[PDB]
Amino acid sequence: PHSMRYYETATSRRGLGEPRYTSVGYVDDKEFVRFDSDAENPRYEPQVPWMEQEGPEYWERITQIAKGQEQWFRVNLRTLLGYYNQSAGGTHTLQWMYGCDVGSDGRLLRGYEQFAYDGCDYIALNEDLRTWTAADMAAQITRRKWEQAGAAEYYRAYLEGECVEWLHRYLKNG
């Protein structure tokens, strides 16, 4: 049995400025990769011996993914700020945790897609991987929008596809 996890966190800075974004990956609850925007030259770097054997273009690619995720987090911070009717001076934190539990053979056993806002849980994809759970009434808005656009299908593309395969490849180097 195995598992893969990504924790992507963004913290808005007061007034003028752009959020601090960090992203970390865990294979079997061991950190193997890390991104930070504060870094002098923000890129994805390996936090474990084996991941070093991956070609430069891998790092460039996933670094690009991080560079998009930044924008996503900035904008959706603004959105959640709006839903909760909060002053735009406040410092706020938005986190996305997502991953996959893979069984002994290699099949997908569980999928994970969840979002928290300012420490509290906002919205989480259920075990059936097609239904969401929403903590409050803003999360009810997000839930409605995502039921309508079918975000579960979009995430299932990853959970059932890239997640399992890349987890297997990351285990190939252990």
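Residue numbers here begin at 1 and follow the sequence given.
Here the stretch with the larger average CA B-factor, out of 31-39 and 136-144, is 31-39. Mean CA temperature factor is higher for 49-57 when stretches 49-57 and 119-127 are set side by side in the entry. Looking at the C-alpha B-factors along this chain, the one for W166 belongs to the highest third.
In this PDB entry, the Cα temperature factor of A149 sits in the bottom third of its chain's modelled residues, the lowest group. Residue-level temperature factors show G68 in the middle third of its chain, judged at the C-alpha atom. Looking at the C-alpha B-factors along this chain, the one for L80 belongs to the lowest third. Per-chain ranking of the deposited C-alpha B factor places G99 in the lowest third.
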